[PDB]
């Protein structure tokens, strides 16, 4: 209602400041960082890379990130707490399930998954005492049966705690409509929900219609735009063919439609990525050397020069995330 849980404990809403609402310290798999830290050079090297990256974002104005790495993205909340303390950047951790659930998760009922998401919000993650402040879910296509169980569990956990739900939309086909239908069938308010990766489409009438229904629209992959990398087969299905300015103009378009309050922006960046081909992190870092500072260093000035006023940009990067993250029923 007024305090948000972070990996260093509770903070008040006013302390969050400029908040990147969809980021990762490391995109990995459950148990992997512990079992094979040398994949990333070392745990130390990954930690140090993340502390520099977060200090760079901080110098560019960022005060909070939301790490939307779930259990099955290899979330290590102890790593997050360490790099949060060393960078002096708040990190909100997530519960939920992404697209790589192991069997022990895939074979669970909606009731069982609700208890798991609830334990991570109400009690803590693992034995750390660190509580999730957001629930992350993911869909592909028209939403599979298991993904629908996960969305319903996420809705039920949200209804019991007030923490919001944020999604990974992996579809070339108005992928939020089915997510909205499932959330609404559960009695969840759209204002507790961010439909993420909404910048992957140019379908403005679709985005506007979700915003008018009260959903938050995550324009959160703005720098995933590889202009010149058609020699790499795997760099096209993880970056793209539309320019970053094209994606950023969706922000202006929704503002002009009257829905600035429904917009959340971010980079979807990370400092390590083992859940993809080897050396992918080198390709990503060469295409976007700004990392998580891309939003404040590139996108905010781009929008300013297009005529968006300062107060509107503050509304999007400070006010909207605060309203979204503060637990509410």
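Positions refer to the first chain, counted from 1.
Comparing the deposited coordinates for 177-185 and 201-209, the stretch with the larger average C-alpha B-factor is 201-209. When the two stretches 276-284 and 63-71 are set side by side, the higher mean Cα temperature factor goes to 276-284. In this structure the maximum Cα B-factor among 167, 95, 236, 147 is found at 236. The residue among 136, 242, 131, 90 whose C-alpha carries the highest B-factor in the deposited model is 242. Placement of the Cα temperature factor of residue 101 within the chain: lowest third of the modelled residues, per the deposited record. Looking at the C-alpha B-factors along this chain, the one for residue 329 belongs to the highest third. Residue 232 sits in the highest third of its chain by CA B factor, as recorded in the PDB entry. When the modelled residues of the chain are ordered by their C-alpha B factor, residue 27 lands in the lowest third. Per the PDB record, residue ranking by Cα B-factor puts residue 36 in the lowest third of the chain.
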